[PDB]
>>> print(open('structure_31.cif').read())   # mmCIF, C-alpha atoms; chains and numbers go by the auth columns
data_run
#
loop_
_atom_site.group_PDB
_atom_site.id
_atom_site.type_symbol
_atom_site.label_atom_id
_atom_site.label_comp_id
_atom_site.label_asym_id
_atom_site.label_seq_id
_atom_site.Cartn_x
_atom_site.Cartn_y
_atom_site.Cartn_z
_atom_site.B_iso_or_equiv
_atom_site.auth_seq_id
_atom_site.auth_asym_id
ATOM 1 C CA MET A 1 61.566 105.509 53.843 0.00 1 D
ATOM 2 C CA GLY A 2 63.131 108.753 55.029 0.00 2 D
ATOM 3 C CA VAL A 3 65.192 109.127 51.863 0.00 3 D
ATOM 4 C CA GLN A 4 64.107 109.275 48.222 0.00 4 D
ATOM 5 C CA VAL A 5 66.136 109.551 45.016 0.00 5 D
ATOM 6 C CA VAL A 6 64.758 111.038 41.798 0.00 6 D
ATOM 7 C CA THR A 7 66.901 110.418 38.719 0.00 7 D
ATOM 8 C CA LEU A 8 67.662 113.606 36.788 0.00 8 D
ATOM 9 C CA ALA A 9 70.488 112.801 34.374 0.00 9 D
ATOM 10 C CA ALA A 10 71.213 109.157 33.565 0.00 10 D
ATOM 11 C CA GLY A 11 74.920 108.374 33.713 0.00 11 D
ATOM 12 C CA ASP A 12 76.942 105.165 33.557 0.00 12 D
ATOM 13 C CA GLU A 13 74.233 103.182 35.344 0.00 13 D
ATOM 14 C CA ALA A 14 76.862 100.461 35.723 0.00 14 D
ATOM 15 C CA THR A 15 79.463 101.636 38.236 0.00 15 D
ATOM 16 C CA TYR A 16 78.137 101.914 41.790 0.00 16 D
ATOM 17 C CA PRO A 17 79.807 102.674 45.150 0.00 17 D
ATOM 18 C CA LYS A 18 80.726 99.740 47.389 0.00 18 D
ATOM 19 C CA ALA A 19 79.871 99.532 51.090 0.00 19 D
ATOM 20 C CA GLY A 20 82.877 100.955 52.911 0.00 20 D
ATOM 21 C CA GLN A 21 84.450 102.471 49.806 0.00 21 D
ATOM 22 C CA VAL A 22 85.161 106.155 49.183 0.00 22 D
ATOM 23 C CA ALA A 23 82.767 107.712 46.674 0.00 23 D
ATOM 24 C CA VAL A 24 83.037 111.187 45.149 0.00 24 D
ATOM 25 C CA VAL A 25 79.930 113.147 44.166 0.00 25 D
ATOM 26 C CA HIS A 26 78.591 116.698 43.919 0.00 26 D
ATOM 27 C CA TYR A 27 75.981 117.821 46.448 0.00 27 D
ATOM 28 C CA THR A 28 73.710 120.819 45.890 0.00 28 D
ATOM 29 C CA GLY A 29 71.358 122.421 48.395 0.00 29 D
ATOM 30 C CA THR A 30 67.673 122.518 47.488 0.00 30 D
ATOM 31 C CA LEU A 31 64.284 122.735 49.200 0.00 31 D
ATOM 32 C CA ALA A 32 61.141 120.716 48.486 0.00 32 D
ATOM 33 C CA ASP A 33 59.712 123.949 47.084 0.00 33 D
ATOM 34 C CA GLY A 34 62.551 124.168 44.580 0.00 34 D
ATOM 35 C CA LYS A 35 64.453 126.963 46.307 0.00 35 D
ATOM 36 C CA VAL A 36 68.126 126.550 45.407 0.00 36 D
ATOM 37 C CA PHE A 37 70.753 126.586 48.157 0.00 37 D
ATOM 38 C CA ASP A 38 74.531 126.473 48.592 0.00 38 D
ATOM 39 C CA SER A 39 76.122 123.776 46.432 0.00 39 D
ATOM 40 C CA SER A 40 79.539 122.104 46.401 0.00 40 D
ATOM 41 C CA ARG A 41 79.903 122.498 42.636 0.00 41 D
ATOM 42 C CA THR A 42 79.784 126.253 43.237 0.00 42 D
ATOM 43 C CA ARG A 43 83.446 125.931 44.210 0.00 43 D
ATOM 44 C CA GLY A 44 84.309 123.360 41.558 0.00 44 D
ATOM 45 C CA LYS A 45 85.094 120.790 44.241 0.00 45 D
ATOM 46 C CA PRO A 46 83.181 117.493 44.579 0.00 46 D
ATOM 47 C CA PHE A 47 82.565 116.003 48.024 0.00 47 D
ATOM 48 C CA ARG A 48 84.063 112.572 48.701 0.00 48 D
ATOM 49 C CA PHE A 49 83.461 110.205 51.616 0.00 49 D
ATOM 50 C CA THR A 50 83.226 106.553 52.655 0.00 50 D
ATOM 51 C CA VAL A 51 79.743 105.262 51.835 0.00 51 D
ATOM 52 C CA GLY A 52 78.699 103.509 55.030 0.00 52 D
ATOM 53 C CA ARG A 53 80.946 105.276 57.528 0.00 53 D
ATOM 54 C CA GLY A 54 79.795 107.588 60.304 0.00 54 D
ATOM 55 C CA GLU A 55 81.280 110.665 58.647 0.00 55 D
ATOM 56 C CA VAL A 56 78.171 111.368 56.572 0.00 56 D
ATOM 57 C CA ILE A 57 74.412 111.323 57.137 0.00 57 D
ATOM 58 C CA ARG A 58 72.035 108.408 56.571 0.00 58 D
ATOM 59 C CA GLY A 59 70.473 110.240 53.640 0.00 59 D
ATOM 60 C CA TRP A 60 73.684 110.620 51.651 0.00 60 D
ATOM 61 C CA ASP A 61 74.697 107.086 52.624 0.00 61 D
ATOM 62 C CA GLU A 62 71.661 105.422 51.050 0.00 62 D
ATOM 63 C CA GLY A 63 71.298 108.075 48.364 0.00 63 D
ATOM 64 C CA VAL A 64 74.829 107.779 46.999 0.00 64 D
ATOM 65 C CA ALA A 65 74.716 104.044 47.699 0.00 65 D
ATOM 66 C CA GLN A 66 71.980 103.678 45.082 0.00 66 D
ATOM 67 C CA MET A 67 73.703 106.089 42.698 0.00 67 D
ATOM 68 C CA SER A 68 75.778 105.418 39.580 0.00 68 D
ATOM 69 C CA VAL A 69 78.956 107.123 38.373 0.00 69 D
ATOM 70 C CA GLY A 70 78.154 110.031 36.078 0.00 70 D
ATOM 71 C CA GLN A 71 74.537 109.916 37.228 0.00 71 D
ATOM 72 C CA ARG A 72 72.740 112.962 38.628 0.00 72 D
ATOM 73 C CA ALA A 73 69.637 112.870 40.825 0.00 73 D
ATOM 74 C CA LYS A 74 67.872 114.642 43.690 0.00 74 D
ATOM 75 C CA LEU A 75 68.260 113.353 47.249 0.00 75 D
ATOM 76 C CA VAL A 76 65.121 114.136 49.253 0.00 76 D
ATOM 77 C CA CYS A 77 65.482 112.837 52.809 0.00 77 D
ATOM 78 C CA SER A 78 64.071 113.767 56.216 0.00 78 D
ATOM 79 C CA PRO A 79 65.939 115.587 59.016 0.00 79 D
ATOM 80 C CA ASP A 80 65.846 112.473 61.196 0.00 80 D
ATOM 81 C CA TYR A 81 68.316 110.887 58.778 0.00 81 D
ATOM 82 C CA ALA A 82 70.292 114.092 58.241 0.00 82 D
ATOM 83 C CA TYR A 83 71.413 117.345 59.862 0.00 83 D
ATOM 84 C CA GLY A 84 68.008 118.881 59.213 0.00 84 D
ATOM 85 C CA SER A 85 67.106 118.428 62.874 0.00 85 D
ATOM 86 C CA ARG A 86 69.112 121.353 64.247 0.00 86 D
ATOM 87 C CA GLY A 87 69.653 123.226 60.995 0.00 87 D
ATOM 88 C CA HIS A 88 70.543 126.915 60.862 0.00 88 D
ATOM 89 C CA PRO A 89 68.950 130.351 60.311 0.00 89 D
ATOM 90 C CA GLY A 90 68.840 131.149 56.606 0.00 90 D
ATOM 91 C CA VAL A 91 70.477 127.820 55.793 0.00 91 D
ATOM 92 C CA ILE A 92 68.481 124.867 57.115 0.00 92 D
ATOM 93 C CA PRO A 93 64.938 124.734 58.554 0.00 93 D
ATOM 94 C CA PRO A 94 64.124 123.363 62.033 0.00 94 D
ATOM 95 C CA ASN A 95 63.818 119.604 61.542 0.00 95 D
ATOM 96 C CA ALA A 96 62.392 119.887 58.027 0.00 96 D
ATOM 97 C CA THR A 97 62.684 117.729 54.909 0.00 97 D
ATOM 98 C CA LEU A 98 65.580 118.624 52.612 0.00 98 D
ATOM 99 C CA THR A 99 66.433 117.802 48.998 0.00 99 D
ATOM 100 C CA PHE A 100 70.128 117.820 48.096 0.00 100 D
ATOM 101 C CA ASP A 101 71.013 117.176 44.453 0.00 101 D
ATOM 102 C CA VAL A 102 73.693 114.480 44.336 0.00 102 D
ATOM 103 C CA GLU A 103 75.765 113.801 41.220 0.00 103 D
ATOM 104 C CA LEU A 104 78.148 110.840 41.093 0.00 104 D
ATOM 105 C CA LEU A 105 81.538 111.739 39.617 0.00 105 D
ATOM 106 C CA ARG A 106 83.582 108.628 40.400 0.00 106 D
ATOM 107 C CA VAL A 107 84.180 105.827 42.904 0.00 107 D
ATOM 108 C CA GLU A 108 87.306 104.770 44.794 0.00 108 D
#
>>> encode(input="structure_31.cif", output="structure tokens")
Amino acid sequence: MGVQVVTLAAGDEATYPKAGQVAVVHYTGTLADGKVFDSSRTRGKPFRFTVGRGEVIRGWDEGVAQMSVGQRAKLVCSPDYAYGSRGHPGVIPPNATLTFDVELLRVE
């Protein structure tokens, strides 16, 4: 509830991030309509963070939490569990659902 994950490219399906551990994945902006947005891969630099900490949003937390290394899927979560609330002009809608494509690269 509030965050959904749709598998896109099956990966290892064996190695998953641990609660409190630092996981590295690639996030890509995308709207429910399909409109593509700014992505991290665009700069050839994956985003890493501690799954469970307060540095990321609830969406990514659960999303990546249920993700596997080398696995790619879409992360469609609500603004209540992300930064969609405030958002920005030409970047993020006013408290609107968002779908960020997350791709696990490795876990640490």
>>> resolve_selection(input="structure_31.cif", expression="the PyMOL selection byres ((chain D and resi 41-52) around 8)", output="PyMOL selection string")
chain D and resi 17-28+38-40+53-56+61+64-65+105
>>> residues_around(input="structure_31.cif", residues="range 78-86 of chain D", least_positions_apart="3", cutoff="8 Å", atoms="only C-alpha atoms", output="number ranges by chain")
D: 2-3, 57-59, 92-98
>>> residues_around(input="structure_31.cif", residues="residue 69 in chain D", least_positions_apart="4", cutoff="8 Å", atoms="all atoms listed in the file", output="ChimeraX atom specification")
/D:11-16,103-107
>>> atom_distance(input="structure_31.cif", atom1="CA of residue 76 in chain D", atom2="CA of residue 4 in chain D")
5.1 Å
>>> axis_aligned_box(input="structure_31.cif", around="range 18-23 of chain D", padding_each_side="3 Å", output="lines of an AutoDock Vina configuration file")
center_x = 82.5
center_y = 103.6
center_z = 49.8
size_x = 11.3
size_y = 14.2
size_z = 12.2
>>> resolve_selection(input="structure_31.cif", expression="the PyMOL selection byres ((chain D and resi 10) around 9)", output="list in words")
residues 7, 8, 9, 11, 12, 13, 68, 70, 71, 72 and 73 of chain D
>>> atom_distance(input="structure_31.cif", atom1="CA of residue 35 in chain D", atom2="CA of residue 89 in chain D")
15.1 Å
>>> resolve_selection(input="structure_31.cif", expression="the PyMOL selection byres ((chain D and resi 99) around 8)", output="list in words")
residues 29, 30, 31, 32, 74, 75, 76, 77, 97, 98, 100 and 101 of chain D
>>> closest_residue(input="structure_31.cif", among="D:102, D:1, D:36, D:108", to="residue 67 in chain D", atoms="only C-alpha atoms")
D:102
>>> decode(input="structure_31.cif", residues="range 68-81 of chain D", atoms="N, CA and C atoms", output="PDB file, in the first residue's frame")
ATOM      1  N   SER D  68      16.202  -7.422  -5.901  1.00  0.00           N
ATOM      2  CA  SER D  68      17.335  -8.341  -5.945  1.00  0.00           C
ATOM      3  C   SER D  68      18.455  -7.780  -6.815  1.00  0.00           C
ATOM      4  N   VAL D  69      19.694  -8.077  -6.437  1.00  0.00           N
ATOM      5  CA  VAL D  69      20.854  -7.605  -7.183  1.00  0.00           C
ATOM      6  C   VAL D  69      20.759  -7.993  -8.655  1.00  0.00           C
ATOM      7  N   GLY D  70      20.994  -7.023  -9.533  1.00  0.00           N
ATOM      8  CA  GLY D  70      20.930  -7.283 -10.959  1.00  0.00           C
ATOM      9  C   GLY D  70      19.505  -7.336 -11.476  1.00  0.00           C
ATOM     10  N   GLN D  71      18.553  -6.989 -10.616  1.00  0.00           N
ATOM     11  CA  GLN D  71      17.143  -7.001 -10.992  1.00  0.00           C
ATOM     12  C   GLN D  71      16.633  -5.585 -11.235  1.00  0.00           C
ATOM     13  N   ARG D  72      15.874  -5.412 -12.313  1.00  0.00           N
ATOM     14  CA  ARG D  72      15.324  -4.107 -12.658  1.00  0.00           C
ATOM     15  C   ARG D  72      13.799  -4.130 -12.614  1.00  0.00           C
ATOM     16  N   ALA D  73      13.215  -3.107 -11.999  1.00  0.00           N
ATOM     17  CA  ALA D  73      11.764  -3.009 -11.889  1.00  0.00           C
ATOM     18  C   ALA D  73      11.327  -1.563 -11.675  1.00  0.00           C
ATOM     19  N   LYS D  74      10.034  -1.310 -11.848  1.00  0.00           N
ATOM     20  CA  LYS D  74       9.486   0.029 -11.674  1.00  0.00           C
ATOM     21  C   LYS D  74       8.961   0.222 -10.255  1.00  0.00           C
ATOM     22  N   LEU D  75       9.273   1.370  -9.664  1.00  0.00           N
ATOM     23  CA  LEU D  75       8.830   1.678  -8.308  1.00  0.00           C
ATOM     24  C   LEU D  75       7.748   2.754  -8.320  1.00  0.00           C
ATOM     25  N   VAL D  76       6.491   2.322  -8.292  1.00  0.00           N
ATOM     26  CA  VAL D  76       5.364   3.248  -8.295  1.00  0.00           C
ATOM     27  C   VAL D  76       4.810   3.445  -6.889  1.00  0.00           C
ATOM     28  N   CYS D  77       5.147   4.575  -6.279  1.00  0.00           N
ATOM     29  CA  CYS D  77       4.683   4.885  -4.931  1.00  0.00           C
ATOM     30  C   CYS D  77       4.004   6.250  -4.891  1.00  0.00           C
ATOM     31  N   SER D  78       3.239   6.493  -3.832  1.00  0.00           N
ATOM     32  CA  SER D  78       2.531   7.758  -3.674  1.00  0.00           C
ATOM     33  C   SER D  78       3.453   8.830  -3.103  1.00  0.00           C
ATOM     34  N   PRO D  79       3.002  10.092  -3.165  1.00  0.00           N
ATOM     35  CA  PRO D  79       3.770  11.232  -2.657  1.00  0.00           C
ATOM     36  C   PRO D  79       3.864  11.237  -1.135  1.00  0.00           C
ATOM     37  N   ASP D  80       2.872  10.642  -0.484  1.00  0.00           N
ATOM     38  CA  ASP D  80       2.844  10.575   0.972  1.00  0.00           C
ATOM     39  C   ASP D  80       4.049   9.806   1.505  1.00  0.00           C
ATOM     40  N   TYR D  81       4.554   8.878   0.700  1.00  0.00           N
ATOM     41  CA  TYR D  81       5.703   8.070   1.092  1.00  0.00           C
ATOM     42  C   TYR D  81       6.949   8.480   0.312  1.00  0.00           C
TER      43      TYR D  81
END
